[PDB]
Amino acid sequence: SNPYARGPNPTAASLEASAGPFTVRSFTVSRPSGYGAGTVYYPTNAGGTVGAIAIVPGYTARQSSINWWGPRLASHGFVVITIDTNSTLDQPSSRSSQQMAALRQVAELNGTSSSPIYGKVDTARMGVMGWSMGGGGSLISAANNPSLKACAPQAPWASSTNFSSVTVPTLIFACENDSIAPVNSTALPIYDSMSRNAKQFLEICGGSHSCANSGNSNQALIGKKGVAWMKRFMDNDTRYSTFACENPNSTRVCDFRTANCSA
């Protein structure tokens, strides 16, 4: 019996819906430590400690670009911190540092009796997500910190595509028509570089660079996949093996690839 399993048995429908089982609240971090600003989203009623995920935007972008993930993930049983970077013009390595600073601060607040998330986090179970350079920053975080349980960047941008050292389970969301971080020269070579992990490549048909951002038209699919990946790998929750590993057989997806990921 898995000590990290939370919530009811999943269905496609429950994972495609606006929200999972748990009530979500949020708060602004009053004194961000090592990054620009943060919002923490958390379940009030998960039934046990949950893992933490830190989410970073792209170059020029702010929390609004990626924060639809906050309630979506938190409602399925995660503490989620969405950040602004110290500068909108921070590069990937800096973004990685800031992402891990955010995780650190979540751990601090877990141990702070006045915090809404006092005692709600399992600080041994953490994941990383982010858009574009924030996606590159997530992969750098995974490479440098292999104790992370999951990595799920979207439209990742990085000046080097070789992430062959990564042992963290990694789901790459790619946007087919991305002109900023082109699938063929960024997301795909990243994906292909990783031979040591569970990994997945999901390309959204016709997607611009912002295809997985807040307000996108594919929240059912993208949120199903993001939540299933985090549940399978952050919580070791094999109820989610099929959702995490399966080809979703969607006309919204124009390329699907996965490895070391059994349904």
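In case it trips you up, residue 1 is the first one in the sequence shown, and so on.
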| property | result |
| --- | --- |
| Between 77-85 and 152-160 (mean CA B-factor, as deposited), the higher | 152-160 |
| Stretch with the greater mean C-alpha B-factor as recorded in the entry, comparing 161-169 against 90-98 | 161-169 |
| Largest Cα B-factor, entry values, listed residues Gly70, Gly38, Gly51, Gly215 | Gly215 |
| Lowest, middle or highest third - CA B-factor, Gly134 | lowest |
| Chain-wide C-alpha B factor ranking for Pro116, given as lowest, middle or highest third | highest |
| Lowest, middle or highest third - CA B-factor, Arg62 | lowest |
| Among modelled residues of the same chain, the CA temperature factor third for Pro182 | highest |
| Chain-wide C-alpha B factor ranking for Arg31, given as lowest, middle or highest third | highest |
